[PDB]
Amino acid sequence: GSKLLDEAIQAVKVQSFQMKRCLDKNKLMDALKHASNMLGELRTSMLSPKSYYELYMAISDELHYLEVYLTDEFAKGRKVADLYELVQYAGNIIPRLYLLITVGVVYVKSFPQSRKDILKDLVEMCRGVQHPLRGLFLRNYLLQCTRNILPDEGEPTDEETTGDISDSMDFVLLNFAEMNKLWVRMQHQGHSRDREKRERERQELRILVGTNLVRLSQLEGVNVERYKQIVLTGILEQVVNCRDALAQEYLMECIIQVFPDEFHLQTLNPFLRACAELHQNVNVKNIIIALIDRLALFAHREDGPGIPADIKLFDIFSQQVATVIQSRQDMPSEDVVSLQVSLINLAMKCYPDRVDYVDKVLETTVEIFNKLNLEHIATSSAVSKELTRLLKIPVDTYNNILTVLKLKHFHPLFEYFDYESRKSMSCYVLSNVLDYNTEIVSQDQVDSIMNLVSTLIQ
């Protein structure tokens, strides 16, 4: 029907009109009765995640008019007594806890001495809502209300405040673990024939869970050593143990995106060891590629430190990608080659100087193709698509094409192609050696040009 949503949004507008009416007259307890009736609309189970999301945003925007009313009132000296206690009288838990959170943040601003306890209270008392959808949206509202007021390092030095960065980390890591629990729990609620609908619904809601990680990166006090010992240790504990491909895939990508590259370089072996422990339906290829892509844009950015010499990227990624592929049961051969492309790409952008690395990828790529007892690989096959795209990168990216011919293992890969692709690829390399003019060729490189002709004609 889709009426339910509109009927609800209508009733919200009726009650939020009568709420502000009472707030204009300064009749607070009468306003909180309408606020409660408005919040009653979030108790339903009949809306979809999309519909419910719309209803949430409507009610969230009205709750702000109450939150700002209280904050000003409290800032002007006319603080309402027992308000934290009073809102807990509400019989239904959803209205109660939305109200409690709203009044909670007002207390944190107005009474900095209570900050540690109230935040710790709000995160803990949300355990009352076990229903996945409503629980997620509750714990999301907690996270947005508390955005500005959490402890941090660059703060005003008011020595009656409570709670430090350690409390903020525990606050958000806990709310993270609870929301991820609820979110994974959505996989098993409802009827067994709506498996594809559920995974669609969960996908829509992924941002609610991920905002916790976004919130952890925004804390100034989260330095690299805390990220190593507390934050990533916290996140990776939930990720590997949730045993859920949808969450694992989303969250591991979410880490890469949200935290800086300074943090990624100190935590490479932990992040890649985690990748091997993920569920078999997780696209591990896409996680590793996204990370390498991000570290490449860090290597070429000047007015920044670049990549330290003690962090040997190539030795780490080469050795771990091998270990990650070993952990997979049935990785398509095209994907193994898609990873060799990024290992080249890494070595090209992070170490242009070191050609021997780029050859070592090609040397190991040969070992892969040699180890796999392969039937003749067609040009239409995805393996050939990638091996072509792999070989073209040195040819396309390098300044001087003479340097490509000096690679020992560049040509042996041509063996494995189709007859059509040897002709296509040999033509493509030789055509580029004419499109840019040729200097005198050295002993090793005279050899490689004739080897390219022999694959072209025959």
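Start at 1 with the first residue shown and count on from there.
- Stretches 217-225 and 150-158 differ in mean CA B factor, with 150-158 having the higher one.
- With 39-47 and 414-422 compared on mean CA B-factor from the PDB entry, the stretch scoring higher is 414-422.
- Per the PDB record, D303 has a higher Cα B-factor than any other of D121, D303, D167, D293.
- Between the residues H264, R328, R115, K385, the entry's highest C-alpha temperature factor is the one at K385.
- The deposited CA B-factor of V80 belongs to the middle third of values across its chain.
- For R202, the recorded CA temperature factor ranks within the lowest third of the chain's modelled residues.
- Among all modelled residues in its chain, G163 ranks in the middle third by Cα B-factor.
- In the deposited entry, the Cα temperature factor of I377 places it in the highest third of its chain's modelled residues.
- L362 sits in the middle third of its chain by CA B factor, as recorded in the PDB entry.
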